[PDB]
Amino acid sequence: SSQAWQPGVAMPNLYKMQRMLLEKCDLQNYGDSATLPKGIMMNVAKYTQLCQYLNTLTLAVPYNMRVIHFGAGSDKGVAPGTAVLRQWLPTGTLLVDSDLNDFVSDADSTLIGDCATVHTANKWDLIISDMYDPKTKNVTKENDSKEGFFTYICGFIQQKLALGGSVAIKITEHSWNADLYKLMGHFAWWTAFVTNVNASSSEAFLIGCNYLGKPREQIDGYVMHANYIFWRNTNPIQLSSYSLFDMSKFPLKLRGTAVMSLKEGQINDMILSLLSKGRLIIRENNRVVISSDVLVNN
């Protein structure tokens, strides 16, 4: 596999076009581990490879870019993924992160609490989520679409993602949501991306590239998750840390992508085509204001 020198593997288009039934995920390389560079944590390696893959897509990168990162804490009380995002994003990018549990972070602002308590006045150019509930991994009951934070994420995308913006949302065999797959059809392009360092896990990042705010294609999320598991079940991915050793072209290119305010009636097919090419962001350019709802009781 030439794939071992890539940052990871994206779900091939033909697999997206199938109509598979959902099966249990049984990875050939389950339990194997990549050899990480000395002293480098899995979460730093994983986010580095995610960002290396996002470098290959037509991301909109405006001045004063706005990025929000959900699930950014660790059981060590630090934010390794936020540290990689801050390394990757252009200097001056506004980066906000959040987690249920307290942690210390390099983000410009951090909100502690359930993601459902997070509200923002502004729209965002990029949404990253690593949220995961390990209780979903119950091999003994039916693997149905999950709600919880996925319900929040779906609404947050529809209400607070700028047109032209993108997302990368962690899923696993058991941690997934049908509506989130359906929402992937509201972007110009989408994939499920597996990092080469964590290829022994059913984890992937569901990536929606350039948001259009309306269905471009109709996706059945139950079918699409079955398609994803079928791909993983029949395509073993060789664990690899190779791409971690060449960081010379890591930083996200500062593209100066135009930001315009438009009301829904002026989004014509010419605007939709600029959005689809990563050439336009549609949102206000006012002040970024966030808050966390606090439940007050005795």
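Start at 1 and count along the sequence shown; that's the residue number.
S.K.: Mean C-alpha B-factor higher for 4-12, or for 289-297?
M.R.: On average, C-alpha B-factors are higher across 289-297.
S.K.: Between 256-264 and 30-38, point out the one with the higher average CA B-factor as the PDB entry records it.
M.R.: Mean B over CA atoms: larger for 256-264.
S.K.: Select one of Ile229, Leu54, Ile237, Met270: the residue whose C-alpha shows the highest B-factor in the crystal structure entry.
M.R.: When the deposited C-alpha B-factors of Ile229, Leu54, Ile237, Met270 are compared, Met270 is largest.
S.K.: Would you mind finding, among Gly208, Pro80, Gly71, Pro215, the residue with the largest C-alpha temperature factor in the entry?
M.R.: By C-alpha B-factor in the record, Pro215 ranks first.
S.K.: Place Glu142 in the lowest, middle or highest third of its chain's C-alpha B-factors, as listed in the PDB entry.
M.R.: Highest third of the chain for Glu142's C-alpha B-factor.
S.K.: Name the third of the chain's ranked CA B-factors that contains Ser166, choosing lowest, middle or highest.
M.R.: Within its chain, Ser166 is a middle-third residue by C-alpha B-factor, going by the deposited values.
S.K.: Please place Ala121 in the lowest, middle or highest third of its chain according to the CA B-factor in the PDB entry.
M.R.: Top third by C-alpha B-factor.
S.K.: Is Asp133 in the lowest, middle or highest third of its chain when residues are ranked by C-alpha B-factor?
M.R.: It belongs to the highest third of the chain when residues are ordered by C-alpha B-factor.
S.K.: Compared with the other modelled residues in the chain, in which third is the CA B-factor of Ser98?
M.R.: Lowest third of the chain for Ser98's C-alpha B-factor.
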